[PDB]
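Okay, so here's just one chain, in structure tokens, the form deposited in one PDB entry.
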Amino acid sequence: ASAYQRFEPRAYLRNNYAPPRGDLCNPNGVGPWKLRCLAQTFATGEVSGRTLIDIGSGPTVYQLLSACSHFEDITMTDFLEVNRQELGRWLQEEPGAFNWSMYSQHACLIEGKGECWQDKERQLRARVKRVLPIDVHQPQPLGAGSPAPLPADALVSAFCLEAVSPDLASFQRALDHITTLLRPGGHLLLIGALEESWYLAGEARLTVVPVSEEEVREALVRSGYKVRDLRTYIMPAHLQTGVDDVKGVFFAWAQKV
């Protein structure tokens, strides 16, 4: 909460999206697995519409690489100004931007439509209309007079809720909050840490609520979703690096009813 005031974007990108965790060459890593989950889901053709909002974007864009060709209006979000700034640098191809090209390349590989990674990035940059503040702890996470088209046809969120909640109940409530952003029938792609209790972001040490796959499932059900898919990636030893105590990564494809 106040702890997020020390959160360092570059340290976070370093710890999670640079080697080893960010190596994409080996298909058994967390990176390729996450991209794979995202791509397979959209390749189904069942997740579609006009508008999409990414909840708790942080300083990362990989979570939208497969989504962007299915949604012409995209809203990115985060609670921190610094994350939003870091997003801006990439979206505007400004100097010092993080280099997401490995991931863009990999989404292209996985998707298998012969697309060059540059076309992929252009499209993503083209369809992201706005980068907005957000606080999942608020009943109206986006605020009141949001420039964001509501309700969204679809939601994405990776490593936010559990990462910003002290306990299960808070986790459950935050999920309720963002769900009100989602149109009935809409879709939610939720990615997150399993059985994690802390992670580091430079000088920031974040407290995390440790959640299990069944708990995530139950929270989704409790929030009014049908769970279409819930998969688990177990974190191999060589990717336990001192930056957290994550045990695994869950991917959930839920649909609002």
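All residue numbers are counted from 1 along the displayed sequence. We call the rigid core whatever largest set of C-alpha positions still superposes within 1.5 Å between the two forms.
If you average the CA temperature factors as listed in the entry, which stretch comes out higher, 33-41 or 46-54? It is 46-54 that shows the higher mean C-alpha B-factor.
Higher average CA B factor in the deposited record is what I'm after, so tell me if that's 103-111 or 132-140. If you average the C-alpha B-factors of 103-111 and of 132-140, the larger mean comes out for 132-140.
Checking the entry, which one of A158, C116, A152, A163 has the top C-alpha B factor? Spelled out: the listed residue with the top C-alpha B-factor is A152.
Mind checking which third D78 falls in for C-alpha B-factor across the chain? Its C-alpha B-factor belongs to the middle third of this chain's values.
CA B-factor placement of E86, once the chain's modelled residues are sorted into thirds: Middle third.
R125: which third of its chain by C-alpha temperature factor? According to the entry, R125 has a C-alpha B-factor in the chain's middle third.
Please place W253 in the lowest, middle or highest third of its chain according to the CA B-factor in the PDB entry. It belongs to the middle third of the chain when residues are ordered by C-alpha B-factor.
What third of the chain does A201 rank in for C-alpha temperature factor, lowest, middle or highest? As the PDB entry reports it, the C-alpha B-factor of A201 lands in the middle third of its chain.
Separately, the form deposited in another entry exists; it is not shown, and the next lines address it.
Mobile residue between the shown form and the other one, C-alpha criterion 2 Å or more, rigid core, from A43, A204, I191, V227: The only residue crossing the 2 Å threshold is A204.
After superposition on the rigid core, does the Cα atom of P19 shift by at least 2 Å between the shown form and the other one? After core superposition, the C-alpha of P19 moves 2 Å or more between the shown form and the other one.
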